[PDB]
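Presented below is the structure to which this report refers.
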Amino acid sequence: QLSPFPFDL
Amino acid sequence: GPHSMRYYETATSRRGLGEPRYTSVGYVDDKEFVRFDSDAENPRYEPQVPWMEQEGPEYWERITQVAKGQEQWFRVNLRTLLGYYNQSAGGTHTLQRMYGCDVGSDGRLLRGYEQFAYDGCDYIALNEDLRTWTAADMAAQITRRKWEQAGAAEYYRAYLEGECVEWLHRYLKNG
Amino acid sequence: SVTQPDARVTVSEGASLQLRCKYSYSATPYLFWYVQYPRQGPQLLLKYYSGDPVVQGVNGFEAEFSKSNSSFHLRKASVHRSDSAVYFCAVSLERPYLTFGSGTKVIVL
Amino acid sequence: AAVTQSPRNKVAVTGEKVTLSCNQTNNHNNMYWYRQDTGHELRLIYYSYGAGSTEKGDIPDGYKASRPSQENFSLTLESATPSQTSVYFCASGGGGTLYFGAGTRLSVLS
């Protein structure tokens with residue numbers, strides 16, 4: 001599957 | 001024998017062509033089994049191996065949206081990073097991510113991954129403990145303070161721990 | 001798709017309170033509990049990304065996560081008068097979405 | 001909770017084109033637009049990943065959106081109709097959590 005959306009930088 | 005999975009999301013902003021050059025490539029064990037070039041005539045995740053054929057269009061469907069989504073992430077963060085470091089708007093840069101799960105022999109996760117590097121140089125990465133982070137410089141420090149408060153680790157932990165692994169198994173069974 | 005069974009739930013001042021919630025997902029999602037006080041926006045009460053299936057929250061609020069029963073039930077030891085409001089149960093396994101549930105109008109006495 | 005929406009209340013006439021505005025200070029990248037009819041479930045209409053992004057939610061029909069900047073997110077009602085009346089909420093978030101605003105009790109008139 002695919003990792004969820006990442007936290008803003 | 002312990003197997004593994006890995007994905008490499010790479011972006012490349014530049015002059016003229018506003019939208020970055022998105023390149024999402026994933027490897028099972030150490031073989032390439034999925035690509036996504038934003039330069040293609042029609043962006044979409046495609047199999048790079050036969051045993052990936054057996055996957056309902058449903059799969060390839062949302063899987064692609066995720067990508068379409070990451071594109072936006074990169075185009076958005078590649079911006080703020082160009083800010084953290086005070087560079088020119090014209091200058092070309094590269095923001096890259098990498099993540100994945102390394103199952104043990106018994107099947108249960110043996111190592112999680114989640115790290116980002118701006119222009120070759122490391123930036124931020126989740127430690128083996130899947131609880132603490134490691135900054136590279138000042139900016140990497142910033143992102144890590146907020147990510148630490150927002151409980152970033154736990155977030156990715158949810159994936160790297162179960163979701164990812166439960167799928168690496170889902171893949172291994174096709175071969 | 002999250003689903004809160006009871007839309008109208010009332011308990012007497014001081015009594016304990018528990019608001020159920022079930023999520024139908026292929027796998028482990030991200031569960032939250034937002035409370036909405038009349039004429040205002042929802043507020044983040046507590047959350048659960050990964051770890052202790054028992055999470056703490058502002059104002060003696062805590063919820064338990066269960067992959068077995070696939071539920072994220074909320075609870076408060078002693079509900080005062082002020083606790084009356086509507087409670088929502090959101091989930092998110094998409095891009096920072098937050099699909100909520102019908103909710104539940106909690107009332108005291 | 002530093003996300004503000006204006007006006008607190010708006011009166012739309014059928015057909016009219018209304019544009020609800022939003023402004024955050026959370027320096028968040030992801031912003032959203034949920035609508036809450038009768039104090040029930042809020043549903044996503046439109047949202048942006050960042051300045052310049054526009055992604056349809058679960059009910060964008062009759063709606064347009066704009067993300068000209070980091071904090072300004074504008075939701076537009078192509079042509080106001082009765083059924084399009086409710087309390088709209090604008091949220092922001094750095095992934096994971098979402099910070100909602102005061103909302104905007106928008107009412108349609110015939």
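Scheme for the structure tokens: letters A, B, ... for chains in order shown; per-chain residue numbers from 1; ligand numbers from 1 in order shown.
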Review point. Once you count only C-alpha atoms, which residues of chain B turn out to be within 12 Å of chain C? Could you give them as a VMD selection string?
Key: chain B and resid 62 to 63 65 to 70 72 to 73 130 to 131 150 to 167
Residues as selected, N, CA and C atoms, written as a tab-separated table (two decimals), in the first residue's frame, can you do that?
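As a result, selection_31.tsv now contains:
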chain	number	residue	atom	x	y	z
B	62	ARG	N	-6.76	4.53	-6.61
B	62	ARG	CA	-6.43	5.43	-5.50
B	62	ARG	C	-4.94	5.52	-5.28
B	63	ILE	N	-4.23	4.45	-5.60
B	63	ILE	CA	-2.79	4.48	-5.42
B	63	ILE	C	-2.25	5.69	-6.19
B	65	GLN	N	-3.89	8.51	-7.03
B	65	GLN	CA	-4.34	9.74	-6.42
B	65	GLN	C	-3.35	10.14	-5.35
B	66	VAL	N	-2.91	9.16	-4.56
B	66	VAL	CA	-1.95	9.42	-3.49
B	66	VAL	C	-0.81	10.21	-4.08
B	67	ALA	N	-0.32	9.69	-5.21
B	67	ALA	CA	0.78	10.28	-5.95
B	67	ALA	C	0.39	11.69	-6.32
B	68	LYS	N	-0.70	11.79	-7.08
B	68	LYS	CA	-1.21	13.08	-7.50
B	68	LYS	C	-1.18	13.99	-6.28
B	69	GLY	N	-1.42	13.41	-5.11
B	69	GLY	CA	-1.42	14.17	-3.87
B	69	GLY	C	-0.03	14.58	-3.43
B	70	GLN	N	0.89	13.62	-3.43
B	70	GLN	CA	2.26	13.91	-3.02
B	70	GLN	C	2.83	15.02	-3.91
B	72	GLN	N	1.49	17.63	-5.05
B	72	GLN	CA	1.11	18.88	-4.39
B	72	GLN	C	1.90	19.14	-3.12
B	73	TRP	N	2.19	18.08	-2.38
B	73	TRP	CA	2.95	18.20	-1.15
B	73	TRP	C	4.32	18.77	-1.46
B	130	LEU	N	11.22	4.65	16.06
B	130	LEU	CA	9.91	5.09	15.58
B	130	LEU	C	9.24	5.94	16.67
B	131	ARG	N	10.03	6.80	17.30
B	131	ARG	CA	9.50	7.67	18.34
B	131	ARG	C	10.25	8.98	18.38
B	150	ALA	N	3.37	17.72	17.28
B	150	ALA	CA	2.22	17.17	16.56
B	150	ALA	C	2.20	15.65	16.55
B	151	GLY	N	3.18	15.06	17.24
B	151	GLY	CA	3.27	13.61	17.31
B	151	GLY	C	3.40	13.01	15.92
B	152	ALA	N	4.40	13.48	15.19
B	152	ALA	CA	4.60	12.98	13.84
B	152	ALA	C	4.89	11.49	13.88
B	153	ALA	N	5.85	11.11	14.72
B	153	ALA	CA	6.23	9.71	14.86
B	153	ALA	C	5.02	8.78	14.90
B	154	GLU	N	4.15	8.98	15.88
B	154	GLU	CA	2.96	8.14	16.02
B	154	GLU	C	2.18	8.04	14.71
B	155	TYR	N	2.11	9.15	13.96
B	155	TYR	CA	1.39	9.16	12.70
B	155	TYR	C	1.97	8.13	11.74
B	156	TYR	N	3.24	8.31	11.37
B	156	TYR	CA	3.90	7.38	10.47
B	156	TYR	C	3.98	6.00	11.11
B	157	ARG	N	4.04	5.97	12.44
B	157	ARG	CA	4.10	4.72	13.15
B	157	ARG	C	2.90	3.87	12.77
B	158	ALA	N	1.74	4.49	12.64
B	158	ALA	CA	0.52	3.76	12.29
B	158	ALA	C	0.68	2.96	11.01
B	159	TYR	N	1.40	3.54	10.05
B	159	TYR	CA	1.64	2.89	8.78
B	159	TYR	C	2.78	1.87	8.92
B	160	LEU	N	4.00	2.38	9.00
B	160	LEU	CA	5.19	1.55	9.13
B	160	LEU	C	4.99	0.30	9.98
B	161	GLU	N	4.17	0.41	11.01
B	161	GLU	CA	3.92	-0.69	11.94
B	161	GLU	C	3.04	-1.80	11.37
B	162	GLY	N	1.80	-1.45	11.03
B	162	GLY	CA	0.88	-2.43	10.50
B	162	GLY	C	0.64	-2.30	9.01
B	163	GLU	N	-0.16	-1.32	8.62
B	163	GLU	CA	-0.50	-1.08	7.22
B	163	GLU	C	0.56	-1.45	6.14
B	164	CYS	N	1.73	-0.81	6.19
B	164	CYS	CA	2.81	-1.08	5.24
B	164	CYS	C	3.10	-2.58	5.20
B	165	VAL	N	3.55	-3.13	6.33
B	165	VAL	CA	3.89	-4.55	6.48
B	165	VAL	C	2.81	-5.53	6.02
B	166	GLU	N	1.57	-5.26	6.41
B	166	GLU	CA	0.46	-6.12	6.02
B	166	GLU	C	0.36	-6.14	4.50
B	167	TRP	N	0.98	-5.15	3.85
B	167	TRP	CA	0.96	-5.09	2.40
B	167	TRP	C	2.19	-5.69	1.76
Determine which residues of chain A sit within 9 Å of chain C, taking into account only C-alpha atoms, and present them as a compact mmCIF listing (two decimals) with C-alpha atoms, in the first residue's frame.
# COMPACT_ATOMS: atom_id res chain seq x y z
CA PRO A 4 -0.47 8.50 4.24
CA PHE A 5 0.08 12.18 3.51
CA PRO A 6 3.09 13.69 5.38
Check your understanding: Which residue gives the smallest distance to residue 96 of chain D among C:75, C:8, C:47, C:39, with only C-alpha atoms counted?
Key ->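 The shortest atom-to-atom distance to residue 96 of chain D comes from C:47.
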Kindly provide the residues of chain D that approach chain A to within 8 Å, each paired with its closest atom pair and their distance in Å to one decimal, based on only C-alpha atoms, listed by chain and increasing number, as a Markdown table.
| residue | atom | partner | partner_atom | distance |
| --- | --- | --- | --- | --- |
| D:28 | CA | A:8 | CA | 7.4 |
| D:29 | CA | A:8 | CA | 6.7 |
| D:94 | CA | A:8 | CA | 5.1 |
| D:95 | CA | A:7 | CA | 5.0 |
| D:96 | CA | A:7 | CA | 7.3 |
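Nearest-residue note for chain C: choosing from D:97, D:62, D:110, D:14, the minimum distance belongs to D:97, counting only C-alpha atoms.
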Check your understanding: Using only C-alpha atoms, which chain C residues lie at most 12 Å away from chain D, written as a PyMOL selection string?
Key -> chain C and resi 2-4+7-8+29-49+85-105
Could you pull out the residues in segment 66-109 of chain D that DSSP calls strand (DSSP E) from the backbone, as a PDB file with N, CA, C and O atoms, in the first residue's frame?
ATOM      1  N   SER D  66     -10.625  29.006  -4.268  1.00  0.00           N
ATOM      2  CA  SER D  66      -9.378  29.658  -4.616  1.00  0.00           C
ATOM      3  C   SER D  66      -8.427  29.716  -3.438  1.00  0.00           C
ATOM      4  O   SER D  66      -8.832  30.005  -2.312  1.00  0.00           O
ATOM      5  N   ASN D  72      -5.182  32.674   2.962  1.00  0.00           N
ATOM      6  CA  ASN D  72      -6.464  33.023   2.368  1.00  0.00           C
ATOM      7  C   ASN D  72      -7.027  31.937   1.492  1.00  0.00           C
ATOM      8  O   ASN D  72      -6.443  31.559   0.482  1.00  0.00           O
ATOM      9  N   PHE D  73      -8.175  31.432   1.909  1.00  0.00           N
ATOM     10  CA  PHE D  73      -8.862  30.395   1.168  1.00  0.00           C
ATOM     11  C   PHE D  73     -10.281  30.923   0.967  1.00  0.00           C
ATOM     12  O   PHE D  73     -10.947  31.277   1.939  1.00  0.00           O
ATOM     13  N   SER D  74     -10.728  30.995  -0.289  1.00  0.00           N
ATOM     14  CA  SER D  74     -12.064  31.504  -0.608  1.00  0.00           C
ATOM     15  C   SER D  74     -12.969  30.468  -1.261  1.00  0.00           C
ATOM     16  O   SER D  74     -12.623  29.860  -2.276  1.00  0.00           O
ATOM     17  N   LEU D  75     -14.138  30.279  -0.659  1.00  0.00           N
ATOM     18  CA  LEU D  75     -15.130  29.344  -1.159  1.00  0.00           C
ATOM     19  C   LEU D  75     -16.195  30.171  -1.861  1.00  0.00           C
ATOM     20  O   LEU D  75     -16.705  31.134  -1.293  1.00  0.00           O
ATOM     21  N   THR D  76     -16.527  29.799  -3.094  1.00  0.00           N
ATOM     22  CA  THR D  76     -17.510  30.544  -3.875  1.00  0.00           C
ATOM     23  C   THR D  76     -18.752  29.751  -4.248  1.00  0.00           C
ATOM     24  O   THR D  76     -18.668  28.594  -4.648  1.00  0.00           O
ATOM     25  N   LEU D  77     -19.904  30.392  -4.120  1.00  0.00           N
ATOM     26  CA  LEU D  77     -21.163  29.766  -4.468  1.00  0.00           C
ATOM     27  C   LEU D  77     -21.557  30.265  -5.837  1.00  0.00           C
ATOM     28  O   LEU D  77     -21.999  31.401  -5.986  1.00  0.00           O
ATOM     29  N   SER D  86     -26.511  26.830   4.806  1.00  0.00           N
ATOM     30  CA  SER D  86     -26.067  26.141   6.019  1.00  0.00           C
ATOM     31  C   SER D  86     -24.928  26.921   6.689  1.00  0.00           C
ATOM     32  O   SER D  86     -24.670  28.080   6.350  1.00  0.00           O
ATOM     33  N   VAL D  87     -24.272  26.308   7.665  1.00  0.00           N
ATOM     34  CA  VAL D  87     -23.175  26.979   8.348  1.00  0.00           C
ATOM     35  C   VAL D  87     -21.895  26.417   7.788  1.00  0.00           C
ATOM     36  O   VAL D  87     -21.623  25.237   7.962  1.00  0.00           O
ATOM     37  N   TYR D  88     -21.115  27.247   7.106  1.00  0.00           N
ATOM     38  CA  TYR D  88     -19.868  26.772   6.522  1.00  0.00           C
ATOM     39  C   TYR D  88     -18.668  26.950   7.447  1.00  0.00           C
ATOM     40  O   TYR D  88     -18.504  28.004   8.067  1.00  0.00           O
ATOM     41  N   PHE D  89     -17.833  25.914   7.535  1.00  0.00           N
ATOM     42  CA  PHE D  89     -16.629  25.954   8.369  1.00  0.00           C
ATOM     43  C   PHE D  89     -15.346  25.815   7.564  1.00  0.00           C
ATOM     44  O   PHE D  89     -15.221  24.928   6.722  1.00  0.00           O
ATOM     45  N   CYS D  90     -14.401  26.708   7.843  1.00  0.00           N
ATOM     46  CA  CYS D  90     -13.096  26.727   7.196  1.00  0.00           C
ATOM     47  C   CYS D  90     -12.024  26.267   8.175  1.00  0.00           C
ATOM     48  O   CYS D  90     -11.785  26.926   9.188  1.00  0.00           O
ATOM     49  N   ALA D  91     -11.364  25.155   7.861  1.00  0.00           N
ATOM     50  CA  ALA D  91     -10.320  24.612   8.731  1.00  0.00           C
ATOM     51  C   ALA D  91      -8.935  24.627   8.081  1.00  0.00           C
ATOM     52  O   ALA D  91      -8.814  24.729   6.862  1.00  0.00           O
ATOM     53  N   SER D  92      -7.899  24.532   8.915  1.00  0.00           N
ATOM     54  CA  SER D  92      -6.506  24.500   8.463  1.00  0.00           C
ATOM     55  C   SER D  92      -5.845  23.374   9.252  1.00  0.00           C
ATOM     56  O   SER D  92      -6.387  22.943  10.266  1.00  0.00           O
ATOM     57  N   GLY D  93      -4.696  22.888   8.794  1.00  0.00           N
ATOM     58  CA  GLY D  93      -4.041  21.819   9.518  1.00  0.00           C
ATOM     59  C   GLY D  93      -2.758  21.351   8.877  1.00  0.00           C
ATOM     60  O   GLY D  93      -2.661  21.304   7.654  1.00  0.00           O
ATOM     61  N   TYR D  99      -7.801  22.475  12.477  1.00  0.00           N
ATOM     62  CA  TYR D  99      -8.288  23.576  13.292  1.00  0.00           C
ATOM     63  C   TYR D  99      -9.405  24.312  12.554  1.00  0.00           C
ATOM     64  O   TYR D  99      -9.138  24.973  11.545  1.00  0.00           O
ATOM     65  N   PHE D 100     -10.646  24.201  13.046  1.00  0.00           N
ATOM     66  CA  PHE D 100     -11.802  24.874  12.421  1.00  0.00           C
ATOM     67  C   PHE D 100     -11.981  26.313  12.883  1.00  0.00           C
ATOM     68  O   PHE D 100     -11.484  26.700  13.935  1.00  0.00           O
ATOM     69  N   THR D 104     -19.568  30.295   9.267  1.00  0.00           N
ATOM     70  CA  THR D 104     -20.365  31.379   8.710  1.00  0.00           C
ATOM     71  C   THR D 104     -21.781  30.892   8.443  1.00  0.00           C
ATOM     72  O   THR D 104     -22.031  30.104   7.533  1.00  0.00           O
ATOM     73  N   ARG D 105     -22.699  31.360   9.278  1.00  0.00           N
ATOM     74  CA  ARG D 105     -24.098  31.013   9.164  1.00  0.00           C
ATOM     75  C   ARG D 105     -24.609  31.790   7.924  1.00  0.00           C
ATOM     76  O   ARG D 105     -24.948  32.973   8.009  1.00  0.00           O
ATOM     77  N   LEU D 106     -24.597  31.127   6.765  1.00  0.00           N
ATOM     78  CA  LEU D 106     -25.072  31.722   5.505  1.00  0.00           C
ATOM     79  C   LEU D 106     -26.499  31.288   5.214  1.00  0.00           C
ATOM     80  O   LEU D 106     -26.781  30.090   5.144  1.00  0.00           O
ATOM     81  N   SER D 107     -27.390  32.249   4.996  1.00  0.00           N
ATOM     82  CA  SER D 107     -28.782  31.914   4.713  1.00  0.00           C
ATOM     83  C   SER D 107     -29.269  32.415   3.351  1.00  0.00           C
ATOM     84  O   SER D 107     -29.036  33.570   2.981  1.00  0.00           O
ATOM     85  N   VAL D 108     -29.939  31.532   2.605  1.00  0.00           N
ATOM     86  CA  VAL D 108     -30.475  31.860   1.277  1.00  0.00           C
ATOM     87  C   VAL D 108     -31.869  32.473   1.385  1.00  0.00           C
ATOM     88  O   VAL D 108     -32.634  32.127   2.284  1.00  0.00           O
ATOM     89  N   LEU D 109     -32.181  33.379   0.459  1.00  0.00           N
ATOM     90  CA  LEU D 109     -33.463  34.093   0.404  1.00  0.00           C
ATOM     91  C   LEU D 109     -34.055  34.004  -1.021  1.00  0.00           C
ATOM     92  O   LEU D 109     -33.306  34.051  -1.991  1.00  0.00           O
TER      93      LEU D 109
END
Exercise for review: Name all residues at most 9 Å from residue 122 of chain B (count only C-alpha atoms; drop same-chain ones fewer than 3 positions away) and give them as number ranges by chain.
Suggested key: B: 115-119, 125, 135-136, 140
Could those selected residues go to a file with N, CA, C and O atoms, as a tab-separated table (two decimals), in the first residue's frame?
chain	number	residue	atom	x	y	z
B	115	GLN	N	12.20	9.34	6.04
B	115	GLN	CA	13.24	10.34	6.04
B	115	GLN	C	13.15	11.22	4.80
B	115	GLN	O	12.63	10.81	3.76
B	116	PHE	N	13.65	12.45	4.94
B	116	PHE	CA	13.60	13.45	3.88
B	116	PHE	C	14.95	14.14	3.71
B	116	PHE	O	15.62	14.45	4.69
B	117	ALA	N	15.34	14.39	2.46
B	117	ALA	CA	16.60	15.05	2.18
B	117	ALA	C	16.41	16.12	1.12
B	117	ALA	O	15.84	15.88	0.05
B	118	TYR	N	16.90	17.31	1.43
B	118	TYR	CA	16.79	18.47	0.57
B	118	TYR	C	18.11	18.71	-0.13
B	118	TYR	O	19.11	18.99	0.52
B	119	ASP	N	18.10	18.58	-1.45
B	119	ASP	CA	19.31	18.81	-2.27
B	119	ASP	C	20.51	17.91	-1.92
B	119	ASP	O	21.62	18.40	-1.67
B	125	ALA	N	14.85	12.61	9.71
B	125	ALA	CA	14.61	11.18	9.59
B	125	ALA	C	14.14	10.59	10.91
B	125	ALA	O	14.59	10.99	11.97
B	135	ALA	N	17.44	15.82	13.42
B	135	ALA	CA	17.59	16.97	12.55
B	135	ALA	C	18.98	17.03	11.94
B	135	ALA	O	19.91	16.42	12.46
B	136	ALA	N	19.12	17.77	10.85
B	136	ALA	CA	20.41	17.92	10.20
B	136	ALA	C	20.99	19.28	10.61
B	136	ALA	O	22.09	19.36	11.14
B	140	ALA	N	16.01	21.87	9.58
B	140	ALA	CA	15.62	20.49	9.88
B	140	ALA	C	15.20	20.43	11.33
B	140	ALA	O	14.34	19.63	11.72
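Using only C-alpha atoms, the contacts of residue 175 of chain B at a cut-off of 10 Å, with sequence neighbours closer than 2 positions omitted, comprise residues 50, 51, 52, 170, 171, 172 and 173 of chain B.
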